[PDB]
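Asker: Quick one, entry-v3.cif (mmCIF, C-alpha atoms):
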data_data
#
loop_
_atom_site.label_atom_id
_atom_site.label_comp_id
_atom_site.auth_asym_id
_atom_site.auth_seq_id
_atom_site.Cartn_x
_atom_site.Cartn_y
_atom_site.Cartn_z
CA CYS F 10 -0.46 -6.16 13.86
CA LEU F 11 1.54 -5.77 10.71
CA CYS F 12 4.58 -4.09 12.27
CA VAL F 13 6.50 -5.91 14.99
CA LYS F 14 9.95 -4.38 14.76
CA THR F 15 10.57 -0.79 13.72
CA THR F 16 13.65 0.79 12.14
CA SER F 17 14.93 4.35 12.09
CA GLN F 18 17.58 3.45 9.55
CA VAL F 19 15.86 4.91 6.51
CA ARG F 20 16.64 7.55 3.94
CA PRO F 21 13.69 9.77 2.95
CA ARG F 22 15.08 9.50 -0.61
CA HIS F 23 14.48 5.74 -0.36
CA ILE F 24 10.80 6.14 0.57
CA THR F 25 8.16 6.46 -2.16
CA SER F 26 5.15 6.30 0.07
CA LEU F 27 4.22 6.35 3.75
CA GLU F 28 1.07 4.83 5.20
CA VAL F 29 -0.12 5.50 8.74
CA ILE F 30 -2.50 2.88 9.99
CA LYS F 31 -4.13 4.08 13.16
CA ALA F 32 -4.15 1.93 16.25
CA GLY F 33 -7.13 -0.39 16.64
CA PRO F 34 -8.34 -3.59 18.36
CA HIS F 35 -5.92 -5.82 16.47
CA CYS F 36 -3.02 -3.43 16.98
CA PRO F 37 -2.46 -0.92 19.88
CA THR F 38 0.08 1.42 18.22
CA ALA F 39 -0.04 3.26 14.91
CA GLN F 40 1.97 1.59 12.22
CA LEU F 41 4.12 3.66 9.89
CA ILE F 42 4.70 1.60 6.82
CA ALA F 43 7.18 3.08 4.41
CA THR F 44 7.27 1.72 0.90
CA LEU F 45 10.75 1.94 -0.55
CA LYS F 46 11.72 2.45 -4.20
CA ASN F 47 12.38 -1.26 -4.63
CA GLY F 48 8.90 -2.05 -3.33
CA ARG F 49 10.02 -3.40 0.02
CA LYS F 50 7.84 -2.19 2.83
CA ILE F 51 9.35 -1.50 6.25
CA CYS F 52 7.86 -0.22 9.49
CA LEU F 53 9.15 3.04 10.89
CA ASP F 54 9.97 4.07 14.44
CA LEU F 55 8.72 7.66 14.35
CA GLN F 56 10.02 8.65 17.75
CA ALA F 57 13.51 7.39 16.93
CA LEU F 58 13.44 9.28 13.61
CA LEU F 59 12.33 12.51 15.27
CA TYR F 60 15.02 12.03 17.94
CA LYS F 61 17.70 11.57 15.24
CA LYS F 62 16.35 14.63 13.40
CA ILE F 63 16.66 16.60 16.66
CA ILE F 64 20.17 15.34 17.52
CA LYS F 65 21.49 15.91 14.00
CA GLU F 66 20.58 19.55 14.51
CA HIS F 67 21.38 19.85 18.26
CA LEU F 68 17.94 20.95 19.46
CA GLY G 6 4.52 7.04 -17.67
CA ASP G 7 2.34 3.97 -17.05
CA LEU G 8 0.60 5.54 -14.03
CA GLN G 9 -1.36 8.72 -13.34
CA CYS G 10 -2.56 10.64 -10.28
CA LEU G 11 -4.87 8.44 -8.17
CA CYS G 12 -6.75 11.46 -6.78
CA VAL G 13 -9.34 13.24 -8.91
CA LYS G 14 -11.12 15.11 -6.10
CA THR G 15 -9.58 16.49 -2.93
CA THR G 16 -11.64 16.95 0.22
CA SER G 17 -11.06 19.58 2.85
CA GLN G 18 -13.56 18.39 5.42
CA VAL G 19 -12.75 15.26 7.33
CA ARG G 20 -12.90 14.40 11.01
CA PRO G 21 -9.84 12.34 12.03
CA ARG G 22 -12.22 10.03 13.89
CA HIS G 23 -13.53 8.85 10.51
CA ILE G 24 -10.04 8.09 9.23
CA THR G 25 -8.56 4.65 9.80
CA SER G 26 -5.56 5.06 7.56
CA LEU G 27 -3.58 7.77 5.82
CA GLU G 28 -1.30 7.12 2.88
CA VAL G 29 1.02 9.87 1.72
CA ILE G 30 2.16 9.15 -1.81
CA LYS G 31 5.08 11.36 -2.80
CA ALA G 32 5.13 13.21 -6.11
CA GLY G 33 6.80 11.28 -8.91
CA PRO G 34 6.68 10.05 -12.51
CA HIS G 35 3.10 8.99 -11.81
CA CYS G 36 1.86 12.33 -10.40
CA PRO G 37 3.50 15.74 -10.18
CA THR G 38 1.88 16.44 -6.78
CA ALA G 39 1.95 14.53 -3.50
CA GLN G 40 -1.34 12.78 -2.71
CA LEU G 41 -2.90 12.04 0.70
CA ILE G 42 -5.33 9.13 0.58
CA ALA G 43 -7.57 8.69 3.61
CA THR G 44 -9.33 5.39 4.13
CA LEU G 45 -12.40 5.88 6.40
CA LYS G 46 -14.14 3.28 8.66
CA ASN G 47 -17.03 2.82 6.24
CA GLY G 48 -14.38 1.81 3.71
CA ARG G 49 -14.76 4.86 1.50
CA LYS G 50 -11.46 6.22 0.16
CA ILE G 51 -11.05 9.99 -0.25
CA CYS G 52 -8.12 12.29 -0.95
CA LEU G 53 -7.34 15.06 1.50
CA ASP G 54 -6.39 18.55 0.34
CA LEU G 55 -2.72 18.81 1.11
CA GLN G 56 -2.35 22.59 0.99
CA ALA G 57 -5.47 23.06 3.12
CA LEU G 58 -4.22 20.55 5.69
CA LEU G 59 -0.72 22.07 5.70
CA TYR G 60 -2.48 25.37 6.38
CA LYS G 61 -4.57 23.96 9.22
CA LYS G 62 -1.82 21.79 10.75
CA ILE G 63 1.12 24.14 10.34
CA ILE G 64 0.34 27.70 9.26
CA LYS G 65 -2.82 28.35 11.27
CA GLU G 66 -1.64 26.42 14.33
CA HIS G 67 2.04 27.35 14.63
CA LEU G 68 2.54 30.57 12.64
CA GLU G 69 -0.75 32.32 13.41
CA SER G 70 -1.90 33.83 16.69
CA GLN D 9 12.81 -6.40 8.60
CA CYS D 10 10.02 -8.83 7.60
CA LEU D 11 6.73 -6.96 7.37
CA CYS D 12 4.55 -10.03 8.09
CA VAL D 13 4.76 -11.64 11.51
CA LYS D 14 1.88 -14.11 11.66
CA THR D 15 -0.22 -15.23 8.71
CA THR D 16 -3.98 -15.76 8.85
CA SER D 17 -6.61 -17.44 6.65
CA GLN D 18 -9.55 -15.89 8.46
CA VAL D 19 -10.60 -13.32 5.87
CA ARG D 20 -13.53 -12.88 3.47
CA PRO D 21 -12.31 -12.02 -0.04
CA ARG D 22 -14.68 -9.06 -0.19
CA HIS D 23 -13.22 -7.59 2.97
CA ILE D 24 -10.07 -7.23 0.83
CA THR D 25 -9.53 -4.16 -1.37
CA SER D 26 -5.99 -5.00 -2.35
CA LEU D 27 -3.47 -7.83 -2.34
CA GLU D 28 0.28 -7.36 -2.57
CA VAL D 29 2.94 -10.02 -3.07
CA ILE D 30 6.37 -8.95 -1.88
CA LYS D 31 9.06 -11.32 -3.17
CA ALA D 32 11.62 -12.80 -0.78
CA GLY D 33 14.86 -10.87 -0.28
CA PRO D 34 17.91 -10.24 1.97
CA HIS D 35 15.80 -8.38 4.53
CA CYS D 36 13.07 -11.01 4.51
CA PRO D 37 13.81 -14.56 3.33
CA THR D 38 10.11 -15.41 2.72
CA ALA D 39 7.64 -13.99 0.22
CA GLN D 40 4.80 -12.00 1.84
CA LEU D 41 1.13 -11.77 0.98
CA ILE D 42 -0.36 -8.59 2.38
CA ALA D 43 -4.07 -7.92 2.17
CA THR D 44 -5.49 -4.44 2.66
CA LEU D 45 -8.98 -4.54 4.17
CA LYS D 46 -11.89 -2.16 3.60
CA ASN D 47 -11.15 -0.36 6.86
CA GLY D 48 -7.52 0.22 5.82
CA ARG D 49 -5.99 -2.39 8.11
CA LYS D 50 -3.34 -4.66 6.61
CA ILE D 51 -3.03 -8.39 7.39
CA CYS D 52 -0.76 -11.12 6.08
CA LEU D 53 -2.39 -14.07 4.40
CA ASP D 54 -1.58 -17.75 4.50
CA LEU D 55 -2.23 -18.66 0.89
CA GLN D 56 -1.98 -22.37 1.48
CA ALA D 57 -4.58 -22.34 4.22
CA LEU D 58 -6.87 -20.18 2.09
CA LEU D 59 -6.75 -22.57 -0.85
CA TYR D 60 -7.29 -25.47 1.50
CA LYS D 61 -10.38 -23.76 2.95
CA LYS D 62 -11.66 -22.99 -0.57
CA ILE D 63 -11.35 -26.65 -1.65
CA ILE D 64 -12.87 -28.02 1.59
CA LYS D 65 -15.89 -25.84 0.89
CA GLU D 66 -16.30 -27.59 -2.47
CA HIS D 67 -14.94 -31.08 -1.63
CA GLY J 6 -15.80 9.52 -7.95
CA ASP J 7 -12.97 10.85 -5.76
CA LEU J 8 -10.29 8.48 -7.14
CA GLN J 9 -9.51 7.12 -10.58
CA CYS J 10 -7.61 4.26 -12.21
CA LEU J 11 -3.92 4.34 -11.29
CA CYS J 12 -2.92 2.65 -14.55
CA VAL J 13 -2.82 4.58 -17.81
CA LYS J 14 -0.69 2.06 -19.68
CA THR J 15 -0.41 -1.70 -19.36
CA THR J 16 2.77 -3.54 -20.28
CA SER J 17 2.86 -7.11 -21.54
CA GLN J 18 6.62 -7.62 -21.42
CA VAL J 19 8.16 -8.22 -18.02
CA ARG J 20 10.87 -10.50 -16.77
CA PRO J 21 9.64 -11.78 -13.37
CA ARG J 22 13.23 -11.52 -12.09
CA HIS J 23 12.89 -7.74 -12.27
CA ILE J 24 9.70 -7.77 -10.20
CA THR J 25 10.18 -7.23 -6.49
CA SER J 26 6.52 -6.67 -5.78
CA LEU J 27 3.10 -7.19 -7.31
CA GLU J 28 -0.06 -5.47 -6.14
CA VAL J 29 -3.52 -6.39 -7.32
CA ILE J 30 -5.83 -3.44 -6.75
CA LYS J 31 -9.39 -4.74 -6.97
CA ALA J 32 -12.01 -2.93 -9.06
CA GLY J 33 -14.07 -0.41 -7.08
CA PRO J 34 -15.54 3.13 -7.06
CA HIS J 35 -12.09 4.28 -8.16
CA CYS J 36 -11.77 1.98 -11.18
CA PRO J 37 -14.16 -0.37 -12.96
CA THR J 38 -11.31 -2.86 -13.58
CA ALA J 39 -8.72 -4.65 -11.41
CA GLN J 40 -5.18 -3.32 -11.90
CA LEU J 41 -1.85 -5.14 -11.48
CA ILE J 42 1.04 -2.95 -10.38
CA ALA J 43 4.58 -4.28 -10.62
CA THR J 44 7.39 -2.67 -8.77
CA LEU J 45 10.82 -3.50 -10.24
CA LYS J 46 14.29 -3.62 -8.63
CA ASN J 47 15.21 -0.19 -9.98
CA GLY J 48 12.06 1.31 -8.51
CA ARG J 49 10.13 1.70 -11.77
CA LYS J 50 6.40 0.98 -11.34
CA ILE J 51 4.51 -0.45 -14.29
CA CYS J 52 1.09 -1.92 -14.85
CA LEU J 53 0.80 -5.44 -16.12
CA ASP J 54 -1.86 -6.57 -18.50
CA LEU J 55 -4.02 -8.55 -16.14
CA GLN J 56 -6.24 -9.79 -19.00
CA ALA J 57 -3.22 -11.21 -20.85
CA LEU J 58 -1.87 -12.59 -17.57
CA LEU J 59 -5.14 -14.35 -16.83
CA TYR J 60 -5.24 -15.60 -20.39
CA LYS J 61 -1.77 -17.06 -20.08
CA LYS J 62 -2.00 -18.35 -16.56
CA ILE J 63 -5.55 -19.77 -16.63
CA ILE J 64 -6.87 -20.15 -20.20
CA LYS J 65 -3.75 -21.02 -22.22
CA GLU J 66 -2.35 -23.34 -19.60
CA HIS J 67 -5.43 -25.03 -18.11
CA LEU J 68 -8.17 -24.80 -20.78
CA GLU J 69 -6.14 -25.11 -24.00
CA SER J 70 -4.42 -28.22 -25.34
#
Could you write out this structure as structure tokens?
Answerer:
Amino acid sequence: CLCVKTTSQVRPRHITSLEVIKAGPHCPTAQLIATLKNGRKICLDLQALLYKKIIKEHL
Amino acid sequence: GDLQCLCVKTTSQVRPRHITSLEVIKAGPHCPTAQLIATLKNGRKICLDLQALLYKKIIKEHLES
Amino acid sequence: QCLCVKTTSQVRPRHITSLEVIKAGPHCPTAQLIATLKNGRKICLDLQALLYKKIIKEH
Amino acid sequence: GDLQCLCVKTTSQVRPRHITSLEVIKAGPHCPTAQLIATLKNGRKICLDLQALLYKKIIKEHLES
């Protein structure tokens, strides 16, 4: 599995591309790999991002 | 710029069970439109039709009864 | 922070469609070699072990 | 085919200290040649001349005296 730790500390203006790799034998969860402007790739915590996007708006 | 749009053809028929990865490449200097590149199990890479999928996944399923 | 967790040398070069080198940085102190496989899965490569294997094969 | 070559231009002038990542995209249905994509600190993506890079890094430095 490529992604071990996931962050929700990301600005959508910092992301140039997002790749979803579906779960498989080698890795049980989908991986959300965001490529940032600088070329760094990080793994996203989608639930945490959706939660923040819900809280920010009080829904 | 140095780069162009990766996608020449867009496909509107794909079963998610064929797709092993999906890469959303945002519009930019390289391409004025966002691109969705699906990698399938057989290894073939295709581009998915973004408007058609937005229709299916959002308009038809959440705004249409 | 670091995309690659464990590195492998168990890969056939023609299983690989792309290879990305991400230089070391503040978020990840080591350079990373990420191979994208035909199926779309990403793995991290141990370059040293790969070269070693490729010289053993030829002695 | 469904995809094409990402690189329209290749650049032969780059200071490696500007490069934060390098991607080699192997030749395939999408492109008859391998492409080398450099991402720089500022976020600019350029394509490197892989032929010149191979010349320099293999021919000039290991086959030429």
Asker: Using all atoms listed in the file, I'd like every residue of chain D that has an atom within 12 Å of chain F; please write them out as a tab-separated table (two decimals) with C-alpha atoms, in the coordinates of the input.
Answerer:
chain	number	residue	atom	x	y	z
D	9	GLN	CA	12.81	-6.40	8.60
D	10	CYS	CA	10.02	-8.83	7.60
D	11	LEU	CA	6.73	-6.96	7.37
D	12	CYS	CA	4.55	-10.03	8.09
D	13	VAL	CA	4.76	-11.64	11.51
D	14	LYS	CA	1.88	-14.11	11.66
D	15	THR	CA	-0.22	-15.23	8.71
D	16	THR	CA	-3.98	-15.76	8.85
D	28	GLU	CA	0.28	-7.36	-2.57
D	29	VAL	CA	2.94	-10.02	-3.07
D	30	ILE	CA	6.37	-8.95	-1.88
D	31	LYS	CA	9.06	-11.32	-3.17
D	32	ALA	CA	11.62	-12.80	-0.78
D	33	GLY	CA	14.86	-10.87	-0.28
D	34	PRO	CA	17.91	-10.24	1.97
D	35	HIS	CA	15.80	-8.38	4.53
D	36	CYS	CA	13.07	-11.01	4.51
D	39	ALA	CA	7.64	-13.99	0.22
D	40	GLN	CA	4.80	-12.00	1.84
D	41	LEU	CA	1.13	-11.77	0.98
D	42	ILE	CA	-0.36	-8.59	2.38
D	43	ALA	CA	-4.07	-7.92	2.17
D	44	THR	CA	-5.49	-4.44	2.66
D	45	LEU	CA	-8.98	-4.54	4.17
D	47	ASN	CA	-11.15	-0.36	6.86
D	48	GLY	CA	-7.52	0.22	5.82
D	49	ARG	CA	-5.99	-2.39	8.11
D	50	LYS	CA	-3.34	-4.66	6.61
D	51	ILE	CA	-3.03	-8.39	7.39
D	52	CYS	CA	-0.76	-11.12	6.08
D	53	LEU	CA	-2.39	-14.07	4.40
Asker: Residues of chain G within 8 Å of chain D, counting only C-alpha atoms - could you list those as a ChimeraX atom specification?
Answerer: /G:25-26,44-49
Asker: Select from chain G every residue with an atom at most 8 Å from any atom of chain F, then for each give the shortest pair of atoms and their distance in Å to one decimal, using only C-alpha atoms, rows by chain and rising number, as JSON lines.
Answerer:
{"residue": "G:25", "atom": "CA", "partner": "F:31", "partner_atom": "CA", "distance": 5.6}
{"residue": "G:26", "atom": "CA", "partner": "F:30", "partner_atom": "CA", "distance": 4.5}
{"residue": "G:27", "atom": "CA", "partner": "F:29", "partner_atom": "CA", "distance": 5.1}
{"residue": "G:28", "atom": "CA", "partner": "F:28", "partner_atom": "CA", "distance": 4.0}
{"residue": "G:29", "atom": "CA", "partner": "F:27", "partner_atom": "CA", "distance": 5.2}
{"residue": "G:30", "atom": "CA", "partner": "F:26", "partner_atom": "CA", "distance": 4.5}
{"residue": "G:31", "atom": "CA", "partner": "F:26", "partner_atom": "CA", "distance": 5.8}
Asker: What are the residues of chain G lining chain J at 6 Å or less? Count only C-alpha atoms, and put the answer as a list in words.
Answerer: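 The complete set of qualifying residues is residues 7, 8, 9, 11, 12, 13, 14 and 51 of chain G.
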Asker: Contacts of residue J:17 at 12 Å or less, counting only C-alpha atoms, minus same-chain residues fewer than 4 places along, as JSON, numbers by chain?
Answerer: {"G": [7], "J": [21, 41, 43, 51, 52, 53, 54, 55, 56, 57, 58, 59, 60, 61]}
Asker: How about completing stretch 20-44 of chain D with N, CA and C atoms and giving it to me as a compact mmCIF listing (two decimals), in the coordinates of the input?
Answerer:
# COMPACT_ATOMS: atom_id res chain seq x y z
N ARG D 20 -12.61 -12.76 4.59
CA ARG D 20 -13.53 -12.88 3.47
C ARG D 20 -12.97 -12.07 2.32
N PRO D 21 -12.89 -12.68 1.13
CA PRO D 21 -12.31 -12.02 -0.04
C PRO D 21 -12.88 -10.63 -0.31
N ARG D 22 -14.14 -10.39 0.02
CA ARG D 22 -14.68 -9.06 -0.19
C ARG D 22 -14.49 -8.09 0.98
N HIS D 23 -13.68 -8.51 1.95
CA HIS D 23 -13.22 -7.59 2.97
C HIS D 23 -11.92 -6.96 2.44
N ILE D 24 -11.35 -7.60 1.42
CA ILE D 24 -10.07 -7.23 0.83
C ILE D 24 -10.22 -6.24 -0.34
N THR D 25 -9.53 -5.11 -0.27
CA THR D 25 -9.53 -4.16 -1.37
C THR D 25 -8.26 -4.31 -2.19
N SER D 26 -7.20 -4.78 -1.54
CA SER D 26 -5.99 -5.00 -2.35
C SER D 26 -5.10 -6.11 -1.82
N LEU D 27 -4.35 -6.75 -2.71
CA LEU D 27 -3.47 -7.83 -2.34
C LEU D 27 -2.10 -7.61 -2.95
N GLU D 28 -1.08 -7.57 -2.10
CA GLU D 28 0.28 -7.36 -2.57
C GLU D 28 1.20 -8.54 -2.26
N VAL D 29 1.92 -9.01 -3.27
CA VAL D 29 2.94 -10.02 -3.07
C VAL D 29 4.29 -9.33 -3.06
N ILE D 30 5.02 -9.47 -1.97
CA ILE D 30 6.37 -8.95 -1.88
C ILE D 30 7.34 -10.11 -1.97
N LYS D 31 8.19 -10.14 -2.98
CA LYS D 31 9.06 -11.32 -3.17
C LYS D 31 10.08 -11.39 -2.04
N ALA D 32 10.60 -12.59 -1.80
CA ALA D 32 11.62 -12.80 -0.78
C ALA D 32 12.87 -11.97 -1.10
N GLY D 33 13.64 -11.62 -0.07
CA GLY D 33 14.86 -10.87 -0.28
C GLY D 33 15.80 -10.97 0.91
N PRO D 34 16.91 -10.21 0.89
CA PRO D 34 17.91 -10.24 1.97
C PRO D 34 17.36 -9.82 3.33
N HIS D 35 16.39 -8.91 3.31
CA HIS D 35 15.80 -8.38 4.53
C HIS D 35 14.69 -9.28 5.04
N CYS D 36 14.13 -10.08 4.14
CA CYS D 36 13.07 -11.01 4.51
C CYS D 36 13.15 -12.19 3.56
N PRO D 37 13.53 -13.36 4.11
CA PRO D 37 13.81 -14.56 3.33
C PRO D 37 12.55 -15.24 2.78
N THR D 38 11.36 -14.82 3.23
CA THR D 38 10.11 -15.41 2.72
C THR D 38 9.30 -14.38 1.94
N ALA D 39 8.54 -14.85 0.95
CA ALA D 39 7.64 -13.99 0.22
C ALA D 39 6.48 -13.63 1.15
N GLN D 40 5.92 -12.42 1.00
CA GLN D 40 4.80 -12.00 1.84
C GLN D 40 3.56 -11.65 1.06
N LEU D 41 2.42 -12.09 1.58
CA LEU D 41 1.13 -11.77 0.98
C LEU D 41 0.33 -10.86 1.89
N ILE D 42 0.29 -9.59 1.54
CA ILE D 42 -0.36 -8.59 2.38
C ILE D 42 -1.69 -8.15 1.81
N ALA D 43 -2.75 -8.37 2.56
CA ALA D 43 -4.07 -7.92 2.17
C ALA D 43 -4.41 -6.61 2.88
N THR D 44 -4.90 -5.65 2.12
CA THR D 44 -5.49 -4.44 2.66
C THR D 44 -7.01 -4.60 2.68
